[PDB]
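Read the structure below first, then the notes.
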Amino acid sequence: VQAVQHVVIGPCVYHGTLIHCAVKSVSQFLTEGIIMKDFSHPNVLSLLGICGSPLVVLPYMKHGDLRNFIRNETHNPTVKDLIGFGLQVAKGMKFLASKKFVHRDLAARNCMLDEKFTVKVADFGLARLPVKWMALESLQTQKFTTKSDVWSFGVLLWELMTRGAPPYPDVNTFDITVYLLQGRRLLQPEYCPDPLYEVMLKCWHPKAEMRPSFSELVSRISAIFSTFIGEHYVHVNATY
Ligand SMILES: O=C(NCCN1CCOCC1)Nc1nc2ccc(Sc3nnc4ccc(-c5ccc(F)cc5)nn34)cc2s1
């Protein structure tokens, strides 16, 4: 009854103020907002408040989604930059995992970049089959876990290192499961350091309990990230 008051605010998505905002178009809605509001992490997209239209108000993200940022030819990411985006995502997913939150649709298109170029994992909560991002077991059961978020994460790093290339462009979505089960993974991007590809393959472990945790991923990617100085510019493949 009064439990939603901290979430509520008075005076398709629209621009807004109060902070620059995205403002999107009953009992479930009140409860969900309260769950969503109690998530707070620098790498997870905030719920600012809810309003009656009804309205969901989120922070406006200056640079938009992460797949479009990296695809833009007038941006010049270095390997360091891109591993840095991956490290941020991993930190957001670590938080969501600690909250027992299974994202289910982790992808570069669903992460956003604010004005400080902080990546926020998004498209979850009220702010919400992606077969080419899905774990083998989830393609088989339509059941998702944190370890199946880990798989998606490994696809997301792939997207990172290719500057937003579509995964398995030659495989039709209806076919991905058969393709994978022949014994295949995504190939190593031209600008993907060997140590980061090893991580990708770990994230794609055939056994779900064997994939690293997001805590493990943060630690590991934080180390590899620190080895770079932003001297290597990542260019775009001609085949993708
Ligand atoms: O669009 C910009 N910035 C403009 C960036 N441009 C690019 C062109 O070059 C000029 C600079 N900021 C925004 N912030 C927000 C904040 C919240 C929301 S609702 C929401 N909730 N969860 C999600 C998750 C993903 C998406 C999404 C996906 C693809 C997209 F394409 C745009 C948005 N939305 N979403 C929309 C926006 S859009």
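Identifiers for the structure tokens are assigned positionally: chains receive A, B, ... in sequence, residues are indexed from 1 per chain, and ligands are indexed from 1 in the order shown.
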Per residue of chain A within 9 Å of ligand 1, record the nearest atom pair and its distance in Å to one decimal, counting only C-alpha atoms and all ligand atoms, with rows in chain order and ascending residue number, as a Markdown table.
```
| residue | atom | partner | partner_atom_place_in_ligand_line | distance |
| --- | --- | --- | --- | --- |
| A:12 | CA | ligand 1 | 19 (S) | 8.3 |
| A:13 | CA | ligand 1 | 19 (S) | 6.2 |
| A:14 | CA | ligand 1 | 36 (C) | 8.3 |
| A:15 | CA | ligand 1 | 37 (C) | 8.8 |
| A:21 | CA | ligand 1 | 16 (C) | 7.1 |
| A:22 | CA | ligand 1 | 17 (C) | 5.0 |
| A:23 | CA | ligand 1 | 19 (S) | 7.4 |
| A:24 | CA | ligand 1 | 19 (S) | 6.6 |
| A:45 | CA | ligand 1 | 22 (N) | 7.3 |
| A:56 | CA | ligand 1 | 19 (S) | 8.7 |
| A:57 | CA | ligand 1 | 17 (C) | 8.1 |
| A:58 | CA | ligand 1 | 17 (C) | 5.6 |
| A:59 | CA | ligand 1 | 16 (C) | 5.6 |
| A:60 | CA | ligand 1 | 14 (N) | 3.9 |
| A:61 | CA | ligand 1 | 14 (N) | 3.6 |
| A:62 | CA | ligand 1 | 3 (N) | 4.5 |
| A:63 | CA | ligand 1 | 5 (C) | 4.0 |
| A:64 | CA | ligand 1 | 3 (N) | 3.6 |
| A:65 | CA | ligand 1 | 30 (C) | 5.1 |
| A:66 | CA | ligand 1 | 29 (C) | 8.3 |
| A:67 | CA | ligand 1 | 29 (C) | 8.3 |
| A:68 | CA | ligand 1 | 31 (F) | 7.1 |
| A:69 | CA | ligand 1 | 7 (C) | 7.2 |
| A:72 | CA | ligand 1 | 9 (O) | 8.5 |
| A:109 | CA | ligand 1 | 28 (C) | 5.6 |
| A:110 | CA | ligand 1 | 25 (C) | 4.5 |
| A:111 | CA | ligand 1 | 25 (C) | 6.3 |
| A:112 | CA | ligand 1 | 25 (C) | 6.6 |
| A:113 | CA | ligand 1 | 12 (N) | 8.0 |
| A:114 | CA | ligand 1 | 12 (N) | 7.8 |
| A:121 | CA | ligand 1 | 24 (C) | 7.9 |
| A:122 | CA | ligand 1 | 22 (N) | 4.7 |
| A:123 | CA | ligand 1 | 22 (N) | 3.9 |
| A:124 | CA | ligand 1 | 22 (N) | 6.6 |
| A:125 | CA | ligand 1 | 22 (N) | 8.5 |
| A:126 | CA | ligand 1 | 21 (N) | 7.9 |
| A:127 | CA | ligand 1 | 21 (N) | 4.0 |
| A:128 | CA | ligand 1 | 22 (N) | 5.8 |
```
Selected residues, N, CA and C atoms, written as a short mmCIF file (atom, residue, chain, number, x, y, z; two decimals), in the first residue's frame, please.
```
data_model
loop_
_atom_site.label_atom_id
_atom_site.label_comp_id
_atom_site.auth_asym_id
_atom_site.auth_seq_id
_atom_site.Cartn_x
_atom_site.Cartn_y
_atom_site.Cartn_z
N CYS A 12 6.26 2.88 -25.73
CA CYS A 12 7.07 3.95 -26.34
C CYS A 12 7.63 5.00 -25.37
N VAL A 13 8.89 5.35 -25.63
CA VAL A 13 9.75 6.15 -24.76
C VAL A 13 9.85 7.60 -25.22
N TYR A 14 10.07 8.51 -24.27
CA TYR A 14 10.17 9.94 -24.55
C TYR A 14 11.33 10.56 -23.76
N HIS A 15 11.79 11.74 -24.16
CA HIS A 15 12.79 12.47 -23.38
C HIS A 15 12.15 13.06 -22.12
N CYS A 21 16.21 12.21 -18.98
CA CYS A 21 15.52 10.89 -18.82
C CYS A 21 14.95 10.24 -20.06
N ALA A 22 14.81 8.92 -20.03
CA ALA A 22 13.94 8.18 -20.94
C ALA A 22 12.66 7.80 -20.18
N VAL A 23 11.51 8.25 -20.69
CA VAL A 23 10.22 8.09 -20.00
C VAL A 23 9.32 7.23 -20.86
N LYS A 24 9.11 6.00 -20.40
CA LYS A 24 8.40 4.98 -21.18
C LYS A 24 6.96 4.90 -20.70
N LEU A 45 21.59 -0.61 -15.36
CA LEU A 45 20.64 0.48 -15.59
C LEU A 45 19.60 0.67 -14.46
N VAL A 56 7.36 4.60 -16.81
CA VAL A 56 8.63 4.09 -16.28
C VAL A 56 9.71 5.12 -16.63
N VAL A 57 10.39 5.65 -15.63
CA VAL A 57 11.46 6.61 -15.94
C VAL A 57 12.82 6.08 -15.59
N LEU A 58 13.67 6.06 -16.61
CA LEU A 58 15.03 5.53 -16.58
C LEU A 58 16.01 6.66 -16.90
N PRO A 59 17.29 6.49 -16.51
CA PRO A 59 18.29 7.45 -16.91
C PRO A 59 18.47 7.43 -18.42
N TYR A 60 18.57 8.61 -19.01
CA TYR A 60 18.90 8.73 -20.40
C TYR A 60 20.36 8.34 -20.55
N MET A 61 20.66 7.47 -21.49
CA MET A 61 22.05 7.08 -21.72
C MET A 61 22.62 7.82 -22.93
N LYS A 62 23.51 8.78 -22.68
CA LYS A 62 24.01 9.68 -23.75
C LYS A 62 24.41 8.96 -25.04
N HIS A 63 25.11 7.83 -24.92
CA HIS A 63 25.70 7.20 -26.12
C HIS A 63 24.91 6.00 -26.69
N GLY A 64 23.78 5.73 -26.06
CA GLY A 64 22.88 4.76 -26.60
C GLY A 64 23.37 3.35 -26.40
N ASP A 65 22.96 2.43 -27.25
CA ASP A 65 23.31 1.02 -26.98
C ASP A 65 24.75 0.70 -27.39
N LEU A 66 25.32 -0.30 -26.75
CA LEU A 66 26.74 -0.61 -26.91
C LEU A 66 27.12 -1.22 -28.29
N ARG A 67 26.21 -2.02 -28.88
CA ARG A 67 26.46 -2.55 -30.22
C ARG A 67 26.52 -1.45 -31.30
N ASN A 68 25.61 -0.48 -31.24
CA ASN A 68 25.74 0.65 -32.16
C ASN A 68 26.96 1.51 -31.95
N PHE A 69 27.35 1.76 -30.70
CA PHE A 69 28.57 2.54 -30.40
C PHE A 69 29.78 1.91 -31.08
N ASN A 72 29.88 2.01 -35.02
CA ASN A 72 30.06 3.33 -35.62
C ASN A 72 31.49 3.53 -36.12
N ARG A 109 23.47 -5.29 -27.75
CA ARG A 109 22.34 -4.41 -28.01
C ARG A 109 21.61 -4.01 -26.73
N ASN A 110 21.80 -4.77 -25.64
CA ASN A 110 21.04 -4.59 -24.39
C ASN A 110 21.85 -3.97 -23.27
N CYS A 111 23.01 -3.43 -23.65
CA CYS A 111 23.90 -2.73 -22.72
C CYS A 111 23.93 -1.31 -23.27
N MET A 112 24.03 -0.33 -22.38
CA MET A 112 24.03 1.08 -22.79
C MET A 112 25.24 1.82 -22.28
N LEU A 113 25.51 2.98 -22.88
CA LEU A 113 26.71 3.78 -22.52
C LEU A 113 26.29 5.22 -22.13
N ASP A 114 26.53 5.62 -20.89
CA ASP A 114 26.24 7.03 -20.49
C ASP A 114 27.35 7.98 -20.94
N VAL A 121 24.41 -2.53 -18.03
CA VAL A 121 23.54 -3.67 -18.42
C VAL A 121 22.09 -3.25 -18.22
N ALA A 122 21.28 -3.49 -19.25
CA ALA A 122 19.91 -2.99 -19.32
C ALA A 122 19.00 -4.07 -19.93
N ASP A 123 17.88 -3.64 -20.49
CA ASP A 123 16.76 -4.51 -20.90
C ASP A 123 16.37 -5.63 -19.94
N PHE A 124 16.06 -5.22 -18.71
CA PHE A 124 15.57 -6.09 -17.66
C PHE A 124 14.55 -5.28 -16.82
N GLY A 125 13.74 -5.97 -16.00
CA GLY A 125 12.78 -5.29 -15.12
C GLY A 125 11.60 -4.75 -15.90
N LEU A 126 11.22 -3.50 -15.65
CA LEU A 126 10.13 -2.85 -16.43
C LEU A 126 10.69 -2.19 -17.71
N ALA A 127 11.99 -1.88 -17.66
CA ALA A 127 12.78 -1.46 -18.81
C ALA A 127 12.94 -2.53 -19.93
N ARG A 128 12.32 -3.70 -19.73
CA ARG A 128 12.29 -4.80 -20.70
C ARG A 128 11.04 -4.68 -21.57
#
```
Could you pull the residues within 9 Å of residue 160 of chain A, counting only C-alpha atoms, minus those fewer than 4 positions along the same chain, as an MDAnalysis selection string? chainID A and resid 66:67 70 82:83 85:86 108 155:156 164:165
Segment 33-219 of chain A: residues DSSP assigns to helix (DSSP H, G or I), reported as number ranges by chain: A: 33-37, 66-71, 79-98, 108-110, 125-127, 131-133, 136-141, 146-161, 173-181, 194-203, 208-210, 214-219
Which residue of A:219, A:18, A:6, A:32 approaches residue 88 of chain A most closely, using only C-alpha atoms: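 For residue 88 of chain A, the nearest of the given residues is A:219.
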